[PDB]
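Numbering of the sequence shown is given in the entry's author numbering, commencing with residue 3 and proceeding in unit increments.
Below is one structure, written out as structure tokens; comments come after it.
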Amino acid sequence: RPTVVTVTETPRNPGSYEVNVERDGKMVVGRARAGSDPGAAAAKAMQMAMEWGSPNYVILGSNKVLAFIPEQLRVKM
């Protein structure tokens, strides 16, 4: 019902994030390059939340990444 967007910090290069998106059971975005700072990661996460995920979405990521996305906007269901 909701599309899931998850922003995880890549383990090989600490300080850089990647975003994944799964809509309707099949992942549509896999380990996408999502900036080198939490702000850019949050922005890419939001872009994927709008561009993908259709009506509903849920952004999950590092607390420092989600600090940029206000709590009202991170989830929408």
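Here a beta-carbon is modelled for each residue, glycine too, at the ideal position from N, C-alpha and C.
Inset, instruction - Can you give me the Cβ contacts of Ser38 inside the same chain, cut-off strictly under 6 Å, excluding the 5 residues immediately before and after it? - result: Hits under 6 Å: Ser18.
Inset, instruction - For the beta strand (DSSP E) containing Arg25, list its first residue and its last residue. - result: In the DSSP annotation of this structure, the continuous segment of the beta strand (DSSP E) that includes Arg25 starts and ends at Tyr19 to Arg25.
Legend entry - Between the CA atoms of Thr8 and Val31 - distance to the nearest angstrom: Spanning the two alpha carbons is a distance of roughly 10 Å.
Legend entry - Nonlocal neighbours in the same chain, by C-beta distance under 7 Å from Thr12, ignoring five residues either side: Contacts found: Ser18, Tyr19 and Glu20.
Inset, instruction - Just list the beta strand (DSSP E) runs in the stretch 19–70, keeping only unbroken ones of 3 residues or longer that don't cross its boundaries, in chain order. - result: Counting only runs of 3 or more residues that sit fully inside the stretch 19–70, the beta strand (DSSP E) segments are 19–25, 28–36 and 59–63, in chain order.
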